[PDB]
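**Q** From the sequence below, what's the structure:
(chains A and B)
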Amino acid sequence: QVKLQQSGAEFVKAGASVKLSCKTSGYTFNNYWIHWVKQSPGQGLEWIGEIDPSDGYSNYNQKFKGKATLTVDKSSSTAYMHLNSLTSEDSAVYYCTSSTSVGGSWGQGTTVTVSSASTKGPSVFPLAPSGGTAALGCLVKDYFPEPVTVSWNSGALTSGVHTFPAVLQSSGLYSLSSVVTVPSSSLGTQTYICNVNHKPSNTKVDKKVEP
Amino acid sequence: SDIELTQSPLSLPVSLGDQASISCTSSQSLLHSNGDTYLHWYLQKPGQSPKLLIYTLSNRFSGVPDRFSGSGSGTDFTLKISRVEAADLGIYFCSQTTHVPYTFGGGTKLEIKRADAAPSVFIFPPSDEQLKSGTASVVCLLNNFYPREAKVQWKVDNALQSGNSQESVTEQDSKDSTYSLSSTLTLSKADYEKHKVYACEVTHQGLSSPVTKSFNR
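**A** Numbering: from 1, shown residues only, chains lettered A, B, ... in the order given. Here you go, the structure:
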């Protein structure tokens, strides 16, 4: 029954605004309050504010008063949150939540990424191998936005693969590694290729990795 | 200011089928004037939204397994999980909605315990392709280790490198319960070509003492 369907990811620049939405169903929209929550690496989980759709009354975490604005639209059973004058401190996942009495489920979250950076494909560099088990990989460098995907030998190779989370470099571009450990004695017998894909730029690269 | 909720422990290793106990302390009384105590417990799985397990102290949310139980009062609260299973792994948060502004604890990670495993360490020089293009990334891989805590230290001709490296860590392995970590050291092409000994030193509980992997260019 109860569902909170939030809007998709947002990539916007500093000073810009965004408006997030949370379409509800499976309960009487007008009879329960709606809350928004921020989740960020820097501050963890924070309650932003609450709104009563019945009369539009709202109540804020003083920290977000003015920055966040809560509104509803009854016709569509949708709640909104407007964020203004965005800084990189506003880069976070934002959740919308129902009253506990209707279940108190949360929407799936909407990710807001505040950046200047423009879309850009990665360069792919080999992490070549050099007793018993060897390691090798690909460095997938200087792309925006997330995600990139990496597989090994067209999905055929999965055992011992670790694809690390991306890090945001001070340049405002991302970088990550994907590694695999293979048996030492296969090197020069067995070919290894990382299959890299960055859909936002349409950058697809298959990179062979060797001694 | 805001009510602070302090969780303990920060990380709780357990074995499947074990009992787990997580606590949450409040800087103020969470007893409301209506008699209720608005202290709630959530589980967040990786890449998912927080899920409510227990609300207002001990009310078990409809469809949440009875293995989860919430107790305590005033300012001291405990979540108990009687026979931990795969589905229960993730970060547990307490929160309070007694006093505006509503606040959240910092979370307690529930993870799988295993025997110490020393990381397998590998260093990778920058590729000639990358150097062509004007940057040098040096990569140090720490592979399949437990516990999570590991210190990586980059040294360039014995100069301790500080603030020019970045680490990334994988989620705990679904099969073998280990972690892996990569650390990337970034230099200019010019600076990389000024030095010889690139060295990654790894300190880990699973090792007799710090291992070093180096290469000379």
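
**Q** switch to C-alpha atoms for all contacts and neighbour counts from now on
**A** OK.

**Q** Just want the most central residue of chain A.
**A** residue A:111 (5.3 Å; CA atoms, centre = their mean).

**Q** What parts of chain B come near chain A?
**A** When proximity is defined by CA under 8 Å from any CA of the partner chain, chain B lies next to chain A at B:48-52, B:55, B:61-62, B:100-106, B:122, B:124-127, B:129-130, B:166-170, B:180-182.

**Q** could you flag which of these are buried?
**A** B:49-52, B:55, B:61, B:101-106, B:122, B:124-127, B:130, B:167-170, B:180-182 (16 or more other CA atoms under 10 Å in any protein chain shown).

**Q** Out of those, name the ones that lie in strands.
**A** If you go by DSSP state E, these have B:51-52, B:55, B:103-104, B:122, B:124, B:167-169, B:180-182 in strands.

**Q** Of these, which pair is most distant in space?
**A** Distances among these were taken as CA to CA; the most separated pair is B:55 and B:124, at 49.7 Å.

**Q** any idea how chain A splits into domains?
**A** Following CATH domains of a matching chain, one gets these domains for chain A: A:1-116, A:117-211.

**Q** quick one: residue B:168 and residue B:140, what's the gap?
**A** Relative to residue B:140, residue B:168 is positioned 11 Å away (CA to CA, to the nearest Å).

**Q** shared neighbours of the two, anything?
**A** Residues touching both residue B:168 and residue B:140 (CA atoms under 8 Å, 6 or more residues apart in numbering or on different chains) are B:182, B:183.

**Q** So which bits of chain A are right by chain B?
**A** Residues of chain A lying near chain B (CA under 8 Å from any CA): A:44-47, A:60-62, A:95, A:100, A:103-109, A:125-129, A:135, A:162-167, A:177.

**Q** 6 Å instead?
**A** A:45, A:47, A:61, A:108, A:127, A:164, A:165 (CA under 6 Å from any CA of the partner chain).

**Q** In CSV, list the residues you listed along with neighbour count and secondary structure.
**A** Putting the residues of chain A next to chain B into CSV (neighbours: other CA atoms under 10 Å in any protein chain shown; DSSP: H, G, I helix; E, B strand; the rest coil) gives the following:
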residue, neighbour count, secondary structure
A:45, 23, strand
A:47, 23, strand
A:61, 17, coil
A:108, 22, coil
A:127, 24, strand
A:164, 19, coil
A:165, 19, coil
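
**Q** Among these, give me the pair with the biggest separation.
**A** Going by CA to CA, the pair spanning those furthest: A:61 and A:127, at 47.5 Å.

**Q** re the thing from before, could I get the residues of chain A next to chain B in JSON lines, plus columns for distance to residue A:73?
**A** Conversion of the residues of chain A next to chain B to JSON lines gives the following (distance: CA to CA, whole Å):
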{"residue": "A:45", "distance to residue A:73": "26"}
{"residue": "A:47", "distance to residue A:73": "21"}
{"residue": "A:61", "distance to residue A:73": "22"}
{"residue": "A:108", "distance to residue A:73": "20"}
{"residue": "A:127", "distance to residue A:73": "53"}
{"residue": "A:164", "distance to residue A:73": "41"}
{"residue": "A:165", "distance to residue A:73": "38"}
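
**Q** ok, so of those residues, who is nearest residue B:37?
**A** Of these, the one sitting nearest to residue B:37 (CA to CA) turns out to be residue A:47, at 18.0 Å.

**Q** Look up the closest residue to that closest one, ignoring the ones flanking it.
**A** Distances taken as CA to CA, 6 or more residues apart in numbering or on different chains put residue A:37 closest to residue A:47, at 4.5 Å, once the chain neighbours are dropped.

**Q** residues touching residue 121, list them.
**A** Picking chain A for this. The contact partners of residue A:121, taken as CA atoms under 6 Å, 6 or more residues apart in numbering or on different chains, are A:143, A:201, A:203.

**Q** nope, chain B
**A** Residues near residue B:121 by CA under 6 Å, 6+ apart: B:141, B:142.
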